[PDB]
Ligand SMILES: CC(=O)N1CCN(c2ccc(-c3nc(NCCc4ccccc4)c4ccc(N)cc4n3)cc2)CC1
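Taking the form solved without this ligand, here's one chain by itself in structure tokens.
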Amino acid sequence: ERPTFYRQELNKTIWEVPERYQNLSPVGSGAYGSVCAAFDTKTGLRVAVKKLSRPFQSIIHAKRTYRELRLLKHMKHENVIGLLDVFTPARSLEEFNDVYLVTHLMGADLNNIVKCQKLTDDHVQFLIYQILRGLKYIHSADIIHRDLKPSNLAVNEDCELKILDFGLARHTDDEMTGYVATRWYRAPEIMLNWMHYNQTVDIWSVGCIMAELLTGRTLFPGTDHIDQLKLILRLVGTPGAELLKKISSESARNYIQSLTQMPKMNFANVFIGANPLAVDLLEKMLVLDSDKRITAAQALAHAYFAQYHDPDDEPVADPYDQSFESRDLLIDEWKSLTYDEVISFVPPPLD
């Protein structure tokens, strides 16, 4: 049943992993967790192993660890990060304090691709198709990613794409401040807290990404929140009375009304030389009123993706029980719940 584990110190941290994982080599960084690349001798796959930093330190961390594991165990889709394995060296709940998570090793993110390679319209078609395909899956389980940007999209040498790094923790105010890529892909309602957000925030992010694939350049590289809002409103226009009413914040609504009114720009004169179907799709995604944006399912049927669209191979997710989110528990209760999820994990099959 239980595998044999071996110990190894790598960069001032003790990795204790099953024997199946060999040639552990440190990768990236770790405020969320330390990450090693390894070779999985059971599957034959190169894998990334994450050891969680201080998982049951507070109630908020313990719940976040449970949330991450619940979410990762659910995701079973080609275009979304899947769990290969989850383990602990603990033999009981009483000595449980470390969680390790295993997934397929990724080399390149979409940021590396747009920076370093020239992309044809067919590449943009295929890349955006795959993001939307994964988003249809994610959104069908009532999961909102909340933080789609090129650095959270893993891409291989065949242009095959996966969505990673879900909005699990809140960002700090400081990492959202200034001339930063962490805010450039955020929908303005979430960036400025206009109203209760919903899954359509992710479609805004896809439009920003699509635009950057087409031009090679950030669409809204604001130097701060307000500079970024001005860049957004220059392109899409200032809001009308209908959207203004939906902005629940009185001060945010007051500030918007201080701005000089601007019409929506001609997107064919911004996205010069782009496929007219790409421009049409962008106009449907980069809509200020979140209720009027195209959804992922709607966008997959758009003519831009006619080469790739297959309605029989665009699956939806199994129902995801998210009722834990409204629940208030103790640390040892979240920890016990987390332990049950580690021990009940079944690896995905062979093909």
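For clarity, a rigid core is taken as the largest C-alpha set superposing within 1.5 Å between two forms. Don't overthink the numbering: it's just position in the shown sequence, from 1.
- When the other compared entries with both flanking residues are checked, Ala31 is unmodelled in at least a third.
- Per the compared records, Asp173 is unresolved in at least a third of the other entries whose models span it.
- Look at the mean CA B-factor for 125-133 and for 186-194 in the entry; the higher one is 186-194.
- Between 316-324 and 49-57, the higher mean Cα B-factor belongs to 49-57.
- Across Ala303, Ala296, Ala31, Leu288, the entry's maximum B-factor at the CA atom is seen for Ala31.
- Between the residues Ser248, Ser140, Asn275, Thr218, the entry's highest C-alpha temperature factor is the one at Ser248.
- In this PDB entry, the Cα temperature factor of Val114 sits in the top third of its chain's modelled residues, the highest group.
- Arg91: CA B factor lies in the highest third for its chain, per the PDB record.
- Looking at the C-alpha B-factors along this chain, the one for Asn152 belongs to the middle third.
- The PDB entry assigns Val27 a C-alpha temperature factor belonging to the highest third of its chain's modelled residues.
- Among the modelled residues of the chain, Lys230 sits in the lowest third by CA temperature factor in this PDB entry.
The next section is about a form of this same protein that is not shown, the form solved in complex with this ligand.
- Transferring this ligand from its position in the bound PDB entry by superimposing the surrounding C-alpha atoms places at least three ligand atoms within 2.4 angstroms of backbone or C-beta atoms of the displayed chain; the site is blocked.
- Candidate site formed by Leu214, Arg217 and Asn266: none of these residues places a non-hydrogen atom within 4.5 angstroms of this ligand in the bound PDB entry.
- The closest non-hydrogen atom of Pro188 lies within 4.5 Å of this ligand in the bound PDB entry.
- Although the partner is absent here, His123 sits far enough away that none of its heavy atoms falls within 4.5 Å of this ligand in the bound PDB entry.
- Although the partner is absent from this view, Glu283 stays clear of this ligand in the bound PDB entry, with no non-hydrogen atom inside 4.5 angstroms.
- Contact annotation: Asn193 falls within 4.5 Å of this ligand in the bound PDB entry, judged by heavy atom distances.
- With the partner omitted from this view, the residue of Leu277, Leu235, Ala252, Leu119 that lies near this ligand in the bound PDB entry is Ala252 [heavy atom within 4.5 Å].
- For the options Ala90, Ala141, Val270, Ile256, the one in contact with this ligand in the bound PDB entry, meaning a heavy atom within 4.5 Å, is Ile256.
- With this ligand omitted here, the record of contacts in the bound PDB entry names 242-250 of 90-98, 206-214, 242-250, 123-131, defined by a heavy atom within 4.5 Å.
- Scanning 274-294 for heavy atoms within 4.5 Å of this ligand in the bound PDB entry gives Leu288, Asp289, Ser290, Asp291 in sequence order.
- Superposing the two forms on their core leaves just one of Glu250, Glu95, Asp142, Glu160 with a Cα displacement of at least 2 Å between this form and the one not shown, namely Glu250.
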